[PDB]
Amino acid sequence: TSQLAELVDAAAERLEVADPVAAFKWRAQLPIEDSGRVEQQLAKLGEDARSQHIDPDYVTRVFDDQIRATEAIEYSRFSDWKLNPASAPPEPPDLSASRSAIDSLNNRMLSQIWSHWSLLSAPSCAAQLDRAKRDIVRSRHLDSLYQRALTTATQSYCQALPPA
């Protein structure tokens, strides 16, 4: 098992929430973009990082990637549902429920980042991440879109700097 399996799995788990979020927005006719909200979600995460003495700029970069990957999945689903609306899940969970699940995933993600700091900042990170991704892509039989989204979500992981 890759030593980055937990963090790449958490990334994938957070990507799973794009679908019910999209489903809800589709039915409610809400826009996918929410620049104000994203700006603020990243604010809290930055401050959480500072509290644990985790580099906030690294954290905000990673979560920005994560959020864009999620937005990409929502747009892809809207594309599919414009082509064939019958596919749109009729009774998705409330957006507030999805957002609370996301908040909890974020906390776990940040904890896994801190736990793996020495590895994320080590030269073996690129190799370990490619292995973690390859394993999870196969084991979850992730489709093309989710493979791409996972790449985007994890693209800044190995940018961590070792402690002073």
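Numbers follow the displayed sequence, beginning with 1.
S.K.: Do the C-alpha atoms of 151-159 or of 21-29 have the higher average B factor in the entry?
M.R.: According to the entry, 21-29 carries the higher average C-alpha B-factor.
S.K.: Out of 41-49 and 129-137, which one has CA B-factors that are higher on average in the deposited record?
M.R.: Higher of the two, by average CA B-factor, is 41-49.
S.K.: Just the C-alpha B-factor column, please: which of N107, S118, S96, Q66 has the biggest number?
M.R.: Within the set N107, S118, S96, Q66, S96 shows the top C-alpha B-factor.
S.K.: Lowest, middle or highest third: where is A5 by Cα B-factor in its chain?
M.R.: Lowest third, going by the recorded CA B-factors of the chain.
S.K.: Can you tell me which third, lowest, middle or highest, the CA B-factor of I54 falls into for its chain?
M.R.: Tercile = highest for this residue's CA B-factor.
S.K.: Select lowest, middle or highest to describe the third in which the CA B-factor of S35 falls within its chain in this entry.
M.R.: Answer is highest: the recorded C-alpha B-factor places it there.
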